[PDB]
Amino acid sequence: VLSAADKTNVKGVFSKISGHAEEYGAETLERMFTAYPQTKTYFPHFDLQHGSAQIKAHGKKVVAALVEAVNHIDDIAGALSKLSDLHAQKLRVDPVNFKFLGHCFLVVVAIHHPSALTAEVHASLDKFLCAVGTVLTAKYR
């Protein structure tokens, strides 16, 4: 349910990552395809080799979507309604996959901005990822 402090905590860590979208979204796709190989099944068409340029590019587009829901955090569904149709309806992604993606993202922010990631920002960032997950899977429920 994002409280006022959650919203702020999220904004807070996104300022430190708003500057490196492409290196951060690529790294998160790479750990996702490496720790959870079953997610590679959704990108049959991409080159999935470390540093492929399709990973960098998609990486960059995955975190701008994030930044954009940070920005409209008050109505994440409304700001992301075209992505919800793509993933639920067109792509049909299984919901479990969003938790794999969300976790590889926390893992990038702890490796790179540890101190930003306290236990309470940790909790705000998780409810956020989870809100995005739910909106992107919403034409399922």
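Numbering starts at 1 and follows the sequence shown.
In this entry, 69-77 has the higher mean Cα B-factor, the comparison being between 93-101 and 69-77. Of the two segments, 16-24 and 127-135, the one listed with the higher mean B-factor is 16-24 (C-alpha atoms only). When the C-alpha B-factors of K60, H113, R31, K82 are ranked from the entry, the top spot goes to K82. Among the modelled residues of the chain, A53 sits in the highest third by CA temperature factor in this PDB entry. Annotation for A119: C-alpha temperature factor in the middle third relative to the rest of the modelled chain, per the entry.
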